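Next up is one chain by itself, shown in structure tokens, the form deposited in one PDB entry.
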């Protein structure tokens, strides 16, 4: 049995499960409809539901509870996937969260590549939102550890929402990419995970945005990536990316972690650049 929390608990008869969305962290994610989440008790809200797979262990359960328990503490923000409720009693654990219909930022940016289109201002606005979301998480003393476009979900209203916050190097993703390519060197070589190692990952995410879902270091294996980092190599400036925005990526990848910008600084600069970026191209 799991303990009951009435602040969040939803009766199972108020949740109609739909088509699966795909595999998530610590379990699988399905589309659902929740009858009366707030008044109105008669309104349906389209939501996302995470539960365990049939092959899951007592360890996989504890992980899912822990993530839910953390979301309770972290609190609400527009640019994070928020908790909406849970079915913890009389059956399997269903963690009810916000639903993002346009998938992950990688897929979204890829699907909108030229032969719907995004202007330069729209791309800067994507970076702004992720930084706003990360700055909130940082204020809650939370370190993501895997900030990438794949872990940023886009809603129907093009709002960016950071997913699964708070590992073998030769383990690839579903799309066949290597997650080591997003890691700060100190996290990779010294296993030191800080808000400053997440800032390095935001630098890789920025590159991902301005390349419209480009794969970082294509054809580069793990042993060769270490060689690039040790040599102090940095990714080439994307085409259709300002010198101010490349300067920003390079600051995020400052060799010295203490010399990198913070998320509060990134939010400030990105706010200013959005305002000065034309929506005419």
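Positions refer to the first chain, counted from 1. We call the rigid core the largest set of C-alpha positions that still match within 1.5 Å between the two forms.
There is another form of this protein, the form deposited in another entry, and it is not shown here; the text below is about that form.
Aligning the rigid core between the shown form and the other one and inspecting 110, 158, 194, 89, the C-alpha positions shift by 2 Å or more at one residue, which is 89.
Core-superposed comparison between the shown form and the other one: the Cα of residue 261 travels less than 2 Å. A movement of the C-alpha atom of residue 204 falling short of 2 angstroms is seen between the shown form and the other one when the two forms are aligned on their rigid core. Superposed on the core, the two forms differ at residue 178: its CA moves 2 Å or more between the shown form and the other one.
Relative to the shown form, the CA atoms of residue 207 and residue 174 are pushed 3 Å or more farther apart in that other deposited form. With a change of no less than 3 Å, the CA-CA distance between residue 172 and residue 263 is smaller in that other deposited form than in the form shown.
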